[PDB]
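Line by line, the protein sequences give chains Q, V, X, W and Y. Mapping to PDB author numbering: the first sequence position 72 is 1223, numbers consecutive. Mapping to PDB author numbering: the second sequence position 156 is 177, numbers consecutive. Mapping to PDB author numbering: the third sequence position 172 is 192, numbers consecutive. Mapping to PDB author numbering: the fourth sequence position 241 is 258, numbers consecutive. Throughout the fifth sequence, residue numbering follows PDB author numbering, covering 15 to 209, 220 to 460 in sequence. Yeah, the Cβ is synthetic: ideal placement off N, Cα and C, and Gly gets one too. One structure is given below, encoded as structure tokens.
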Amino acid sequence: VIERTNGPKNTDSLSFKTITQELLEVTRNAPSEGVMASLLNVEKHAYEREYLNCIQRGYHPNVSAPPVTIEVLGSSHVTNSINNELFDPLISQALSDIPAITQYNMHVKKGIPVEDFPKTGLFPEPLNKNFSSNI
Amino acid sequence: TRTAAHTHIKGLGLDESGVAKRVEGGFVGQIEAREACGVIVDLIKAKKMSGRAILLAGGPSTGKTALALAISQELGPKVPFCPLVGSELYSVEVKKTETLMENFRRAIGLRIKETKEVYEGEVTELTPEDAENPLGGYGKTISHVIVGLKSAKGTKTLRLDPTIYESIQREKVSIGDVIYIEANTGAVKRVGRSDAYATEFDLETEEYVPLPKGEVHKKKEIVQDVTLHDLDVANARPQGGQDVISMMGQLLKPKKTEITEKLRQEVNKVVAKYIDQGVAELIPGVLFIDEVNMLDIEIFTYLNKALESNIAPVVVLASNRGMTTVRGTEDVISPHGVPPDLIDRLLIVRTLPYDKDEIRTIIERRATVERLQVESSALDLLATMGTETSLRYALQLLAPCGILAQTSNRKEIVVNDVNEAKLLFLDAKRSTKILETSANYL
Amino acid sequence: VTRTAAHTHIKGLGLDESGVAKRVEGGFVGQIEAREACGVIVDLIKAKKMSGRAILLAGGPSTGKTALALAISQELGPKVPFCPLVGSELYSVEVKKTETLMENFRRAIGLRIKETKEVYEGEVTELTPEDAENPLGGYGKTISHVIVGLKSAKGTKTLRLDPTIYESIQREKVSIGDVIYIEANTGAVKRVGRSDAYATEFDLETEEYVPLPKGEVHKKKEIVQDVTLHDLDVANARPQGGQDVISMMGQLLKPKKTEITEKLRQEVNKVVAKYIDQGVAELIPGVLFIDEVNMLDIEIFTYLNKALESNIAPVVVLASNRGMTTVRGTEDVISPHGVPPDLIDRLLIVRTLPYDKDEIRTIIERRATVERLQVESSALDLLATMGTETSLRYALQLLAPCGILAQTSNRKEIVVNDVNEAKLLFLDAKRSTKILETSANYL
Amino acid sequence: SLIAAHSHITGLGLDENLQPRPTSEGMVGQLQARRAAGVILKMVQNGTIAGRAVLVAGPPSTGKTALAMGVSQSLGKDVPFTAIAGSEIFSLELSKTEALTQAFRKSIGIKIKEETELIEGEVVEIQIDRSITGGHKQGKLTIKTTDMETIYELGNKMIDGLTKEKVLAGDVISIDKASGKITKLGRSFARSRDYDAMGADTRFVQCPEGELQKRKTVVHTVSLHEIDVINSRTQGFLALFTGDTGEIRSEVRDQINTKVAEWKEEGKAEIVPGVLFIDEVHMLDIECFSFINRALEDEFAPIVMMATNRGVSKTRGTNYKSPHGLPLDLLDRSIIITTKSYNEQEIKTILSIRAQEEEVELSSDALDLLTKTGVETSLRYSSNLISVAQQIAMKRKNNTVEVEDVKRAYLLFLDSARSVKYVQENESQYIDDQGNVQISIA
Amino acid sequence: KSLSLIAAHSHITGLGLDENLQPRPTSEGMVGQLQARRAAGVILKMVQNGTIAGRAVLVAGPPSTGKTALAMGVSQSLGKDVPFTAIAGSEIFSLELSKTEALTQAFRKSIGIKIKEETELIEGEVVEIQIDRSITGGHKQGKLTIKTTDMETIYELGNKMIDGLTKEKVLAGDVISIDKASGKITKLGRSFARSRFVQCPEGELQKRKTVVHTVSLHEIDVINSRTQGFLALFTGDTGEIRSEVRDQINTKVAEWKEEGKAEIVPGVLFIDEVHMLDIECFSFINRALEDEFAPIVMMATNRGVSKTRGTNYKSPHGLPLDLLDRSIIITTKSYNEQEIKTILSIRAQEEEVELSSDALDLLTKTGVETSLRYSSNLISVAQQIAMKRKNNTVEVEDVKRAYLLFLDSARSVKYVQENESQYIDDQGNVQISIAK
Ligand SMILES: Nc1ncnc2c1ncn2[C@@H]1O[C@H](COP(=O)(O)OP(=O)(O)O)[C@@H](O)[C@H]1O
Ligand SMILES: Nc1ncnc2c1ncn2[C@@H]1O[C@H](COP(=O)(O)OP(=O)(O)O)[C@@H](O)[C@H]1O
Ligand SMILES: Nc1ncnc2c1ncn2[C@@H]1O[C@H](COP(=O)(O)OP(=O)(O)O)[C@@H](O)[C@H]1O
Ligand SMILES: Nc1ncnc2c1ncn2[C@@H]1O[C@H](COP(=O)(O)OP(=O)(O)O)[C@@H](O)[C@H]1O
């Protein structure tokens, strides 16, 4: 899922464009007051009509707990593998973002191109600012 | 050319402002049912009512499915038509109520029209022009982008926003490629490479779409035909998003979900808003269910609920049972396997069996469709065979007769070939007599 | 002004200091022996020593079986947990009924815990990350440390973040000029909002403004929390709350019930025992109430036979209104109250008795008083003889159409003609059955 | 929209003293049932009480669902009306108790009052600062009217709103702070230099004058079920449309009830009760009745109206017969409205109203023949014959339905009793209960 | 640990037997049932010997006659470190696992592997921590003065120990345990320094301790199956573990046993209310009882000549005859007056209830009249009725008041058969009205 790239495919093939994929594609960058975009923008219209971005939060969980720690006495390989699985840098970089001054240091000062960056910012947006935390 | 049990019928065959004639459009007999189906077709073309139900009943091999397909051909290809079997509603992913509602929403169509203002063709130049006073701490501040386009019998230089150059860089637009820019959104897309830049390298992967015809700038009016179920499954599923859930669900099995009534209400109100604007036309269609005795009483109850809706299309039901218990009930005796609550809500069209001359004419038309040549005495013996056993048995015994005629290096079916096909292939009655008169687990 | 729905005229059992119930006090009329038995049961629950005791409220329809359980719940108060349930809730299409019964058993045992919190809070003054030596090495993140400057009242601190903390710092989208709240137990960060030291009206994102927090940046505070054992079970079954990968992906997936193993429950029991042994936690046994217990089948009853013999299970109250009814899931056996005899031998049965005419009259009088209506005495006597004629519930539910029909004629009192009109408009079960029997086409 | 079965019923047709007129708002006859429905409507409108069960019972084709539709039309907007059928409870994803709990909780509205700020001004300057990857976006917006000049700071969502349907420094837009809406009113600057793309042929509009920022109290209604679905998990707003809300836990509902009580105490939100209407309630298991018997006693419960057309029949899930197909526990705590069959004058008035609704002009003799057939057969058959007779009339090119059109529609389309007679006369042609059929006509 | 309020079998601490497996009249909370207790002691010696496997024992008798009490006594006298899996008959009808798979998991939860290992630890009291840090955090230097009540030492610390001491912040005055191989540092608490609280450790700082692990076969089956992790041991979604990894575990366990690296302990699988199983469960048990890695299965039931579930015929004890051929049967008997009185006295001493003698005679009379469990349930209600009138000893009228308030089975059946017109029958007919 993480390193999925939209590579090109040749025309001489049996996989063609199903109609609902075409309806999904024509509304990717379409603006407002277009007929296909307005027929395809039901959920954001319901979001903006029902004033949902200023609503409060009524539920919080009672207990929050980390996963169960597995310990093996007398081995560092198990600790290294557990720390690799819990804090996988590819996934943890995918669920977050690089700071802007750091990105400026990579691209301009270090010569790294844009496409050579690790994929970031895949975390889904919360509904409100109030829904982003349990506190 | 493939023929399969049908396609010898081309509409009902009525004349205008009148009744059905005796033989027309591949139909022999059945005048009154054809007239009733024509009245139903005119009612559907009137495009006013909603949720009207027609049950056509009769014996086996009578022409109920042929009449439904004749209705579908008489309406045309732009009006939606959803064929269905009563056994298809039992799914192990979602409840049968949701499947019935999906098949209800599949039968209503929306015709939309739109205007597109495009600029397409091969790029001649691509120059991001710098500004007069660049800002400090930056690099190559752009005031506009000059793009020149070339197509068949027309070249034109453009003057663009500073913003689109980012999309040009992201879409990897070099010189010599063919691009496509719509007006209001920008959003340049790379449709391919020109064919004049094909043979400078021995090996490449990129395709070569040729130069597009017409001018570089033309406004085109397009017309698109969708259904309401397509809009429902497009609004219910998310669009192309950057979240991990959207990309994870796109690579997983597309499991069907219970679409809520809220999404349907929002879809109907935005569709009504754009219909009142004068852009969209609503085309109700036909939902056809064959062998409706397979439904149980829960689906019958939800049919009673859903036929009183505001948007529901014309439903055509077919059945061949008589006094039968409704499925899901142990002691309710009902005509055609349909409970009286649904029976009170529909109109019943009765279909009648045939006689010998109509059987002979039907066999003649099915022979002349399958590109076969039959002798007259063999035709009369086949008509007698159809009278004695079945119409469908006489119809299905034509291609073995043609093959056995071809095996003897002749092009005409004779009496000996139909006797050989009689002796080789059995019917239901003689097979039942064989089963009854044998005691070796036959 | 207020809303009433079939109850809430009942406040408690209404007993003396010696447990002797009065004739009418606390919304109850009659039922002295059942109320005394329920008071004994309430005292037994408050004794907090017994585990796995079971009573069964046996009686007819419309005799006050649910009202006694609600009175028990209000007698115990909101401090003790009380789990109401219907017999049809145990059949789920996600998990088996045995696991649902175990879940509802564990949902009725509470715990009160005094918990310490290490907090870093204040206004962010500076936020400077420093970069790694090689960022595209594949192993290791892009940055190494982030320096944050927190300013509070009478204090200003500077902290060096772990990048794992910085991910949860960045995910709530904090910036310079923002009041934050970092909980050192789990690493969760709350963004309070913009500080009011700067300007206010120049924003466009409907934010709220908060002053600087009092006290130092680093704090240790004591929060008293109330919890159940089922909350700990579902927290450890689906781990969310950590800053690692699995707990982060657990918040985005669809929640689903699972068969929580016994080993997890024993580990949770050992941790809770360690907590109460330290003098931190306090255990509160509670009540699980199941209404319409005849809907349970033989498998749930057979698992209840095992589950009542545990050393954790709370006091369970049941209710039924069947005389000699065959048990569901079986084919021939007939047992009292729809409850099999091997479970009946472990119960304590409390009988509930029907009422007389005067009890029906004063129940109707209290219901009319609670619903804020004025009823004439002749209309009250007609309602009482109607309630004795047909049902108590029919006489209770006809009071509000009487009130509407009295309001629509510009009157406050309810009169005899109003009761006759409400009789003519609305029917009961007996008259409807008499219409059904002499009917043309299944009317 | 389309003409439905109950499209002619707008209200209940009652006076101020709750006395029903003989012909008002598309409803004729049924005086006592309409009076009782008006009493139920007033009880719902007061909102003081909760959890009252009302049963509507009668023979088929009497006006149960018509009465429910009249109640729903007279209920007005901002009061929820959840109308479901009995077979919708059984699902493969939710339990029966969970589906009934969601149906109960969909019928209670929370009216929430919010404060918002409206900004209407001419756009002067837009500065947007983005990161290299386009993730972190911030910026400034200098907006003006004829009297003041304000520089605002922008968030991520506001810049996302500005980037869609692009504003170009000289337009007139509208800003809602609480909703986050971007609405381009038009363009006032009328710039000469315009890039070939883009193009704001937005209608001309004057620059707004007066105060830039205005305060407004707005109000909006949500349901309790939407609050539980939103607070259930991370992406509950998608589950509101996809219906993927599987078995919400009880702790969520307890916390939502406590927070709703807190919002009532603080004066922010109020509670509006609604009506839950179960059509064909007899298609429910005994466990559903057992759950309803305890769910009707809660504070957050709506007024439940159930409809049954059944007499004494077997309760589903058990093996004994009960009045109306319902157990005596649910029949104890309900008040029953009884509907009665019609006369010829009421049937004639109903057919006149239905002919006026379908815009079909009828002759007097055709109306008398339709009244006679609706007296002999059911009312729904003679109601359905009107559109067929209109189509037959339009086939002969006269826009007035005469007698012979109704006679031809009677001959073409059959009843229930006539179809039963034709099946019983020719039982060998149809498949019976034992699967035996005689296909051959020899 | 192991919090528990009061259970129904909490007064039983084991089987009361001598060295010749003879039952005492009253020992370890168990009275009566001499032959059944002797047979269960022989079964306990079978389990403790461990040289035989796959033996099925059926405990059958009347209800409320010491069956689950016998199982609890066997489980208590087994002690700790020996697996004991007590399940019910209705617990295997799952929605994500088949019945045979759930039975296989319940079978393999009762066989354990004993592995002894040695590890070295540094458990001590921190005197002083000195940290030298640079500006950029490149090189860190560390001194650690740490001690016991017996020694005292100073350690130079490397960079990773500096990082592991900064994380989970250790101050002076703390008592900590350090593992050198894995780098796990645990704060045991604070020492006795008034200036929680634990005692400063004694002896050598670097100790070497041997720990013994008992791992069930089901845990290794979950771990070795690569499709799911160890969290399925806690979350419960193991999900139809295949037989190939079971074959690999069965080979590797014998490979470890031959090399002497591990040992085999067998356990007891107890199935309470075994008559609720299906016929396909019995057909699986008939072949699963003949494995080498099979525990001893004890089944408890009280049915007599009932219908076997999944079939249409009747069988003794609800079990088919092929299963009953593979079992030996222990039979219980009903209790006398004296044993009922002794059981009620033991339950009186258990719940801290002070009883008069005449109240005990009344309880014994109403116990031999109605039930044992009814008198065992009245004894705590009568204490609350006693405490309502402010006296400690439960008297006769205190038992009589609880007898009046709370009914039993026979009186409820009598009152229901007297006033059956007010209840719902099988046909669903009730009368709610009082008049007419
Ligand atoms: N009036 C007709 N004219 C020509 N062919 C007919 C006619 N009626 C039926 N058939 C033929 O009979 C065959 C079977 O009839 P079918 O429509 O399947 O009847 P049913 O649907 O009642 O079983 C079809 O292949 C069709 O071509
Ligand atoms: N002693 C009483 N005093 C006042 N109201 C009562 C009393 N007993 C019963 N009721 C009322 O009778 C109704 C039926 O009682 P409930 O226990 O809910 O159902 P059931 O008795 O059928 O189990 C309740 O609404 C309750 O308010
Ligand atoms: N008073 C009335 N006003 C308008 N239409 C009516 C009236 N009474 C009956 N009808 C018609 O008769 C039918 C009644 O059936 P329905 O509404 O399903 O309720 P029920 O099944 O209880 O008779 C409806 O289609 C309605 O159009
Ligand atoms: N020999 C005994 N010693 C002590 N208590 C006993 C003895 N036999 C039975 N009991 C008590 O009798 C009750 C019923 O025992 P149990 O075996 O659980 O019932 P069942 O035989 O129905 O399984 C238990 O609570 C137990 O405490």
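Next on the checklist: Against chain V, with Cβ distances strictly below 9 Å, would residue 1276 (chain Q) count as a contact?
Outcome noted: yes
Next on the checklist: In this structure, how does DSSP classify residue 222 (chain V) when only helix, strand and coil are distinguished?
Outcome noted: coil
Next on the checklist: Cβ closer than 8 Å: which chain X residues qualify as neighbours of residue 394 (chain W)?
Outcome noted: None at all; the shortest Cβ gap to chain X is about 13 Å.
Item to check | Cross-chain neighbours of residue 29 (chain V) in chain W, by beta carbon under 9 Å | outcome: Simply none; closest approach about 21 Å.
Checklist entry - Does the region 398-408 of chain W come within contact of the region 418-426 of chain W, defined as at least 3 CB pairs closer than 8 Å? => result yes
Checklist entry - So which residues of chain Q does residue 344 (chain X) contact, with C-beta pairs closer than 7 Å? => result Correct list: empty, because the minimum Cβ distance to chain Q is about 44 Å.
Checklist entry - Quick one: is residue 278 (chain Y) buried, meaning 16 or more other Cβ sit within 10 Å of its Cβ, or exposed? => result exposed
Checklist entry - At a CB-CB cut-off below 7 Å, which residues of chain X make contact with residue 1285 (chain Q)? => result 208
Checklist entry - How big is the Cα-Cα spacing for residue 495 (chain W) and residue 96 (chain W)? => result Nothing about residue 495 (chain W) can be read from this structure; chain W reaches only from 18 to 459.
Checklist entry - Along chain V, which residues have their Cβ under 7 Å away from the Cβ of residue 172 (chain W)? => result Residues of chain V passing the Cβ test: none, with the nearest at roughly 18 Å.
Checklist entry - What did DSSP end up calling residue 240 (chain W) once you bin it into helix, strand or coil? => result strand
Checklist entry - How do the region 57-73 of chain Y and the region 359-371 of chain Y stand: do at least 3 beta-carbon pairs fall below 8 Å, yes or no? => result no
Item to check | Interface partners of residue 349 (chain W) on chain Y, CB under 7 Å | outcome: 456
Checklist entry - Where does residue 375 (chain X) land, buried or exposed, given buried means 16+ other C-beta within 10 angstroms? => result buried
Checklist entry - What are the residues that DSSP puts in a beta bridge with residue 394 (chain X)? => result X:433
Checklist entry - Taking 9 Å as the CB-CB limit, is residue 183 (chain W) close to chain Q? => result yes
Checklist entry - In or out: residue 107 (chain V) buried (at least 16 other Cβ within 10 Å) or exposed? => result buried
Checklist entry - Is residue 394 (chain W) near ligand 1, with its Cβ less than 8 Å from a heavy atom? => result no
Next on the checklist: Give me the DSSP bridge partner(s) of residue 58 (chain V).
Outcome noted: Answer by DSSP bridge pairing: none, since residue 58 (chain V) is not bridged.
Checklist entry - residue 103 (chain V) lies in the beta strand (DSSP E); which residues open and close that run? => result 102-106
Checklist entry - At a cut of 8 Å, does the region 360-377 of chain V reach the region 105-121 of chain V through at least three beta carbon pairs? => result no
Next on the checklist: Could you check whether the Cβ of residue 397 (chain Y) sits closer than 9 Å to any Cβ belonging to chain X?
Outcome noted: yes
Next on the checklist: Quick check: what's the CA-CA separation for residue 1173 (chain Q) versus residue 177 (chain V)?
Outcome noted: 30 Å
Next on the checklist: Quick check on residue 318 (chain Y): does DSSP put it in helix, strand or coil?
Outcome noted: coil
Checklist entry - By DSSP, does residue 147 (chain W) sit in helix, in strand, or in coil? => result strand
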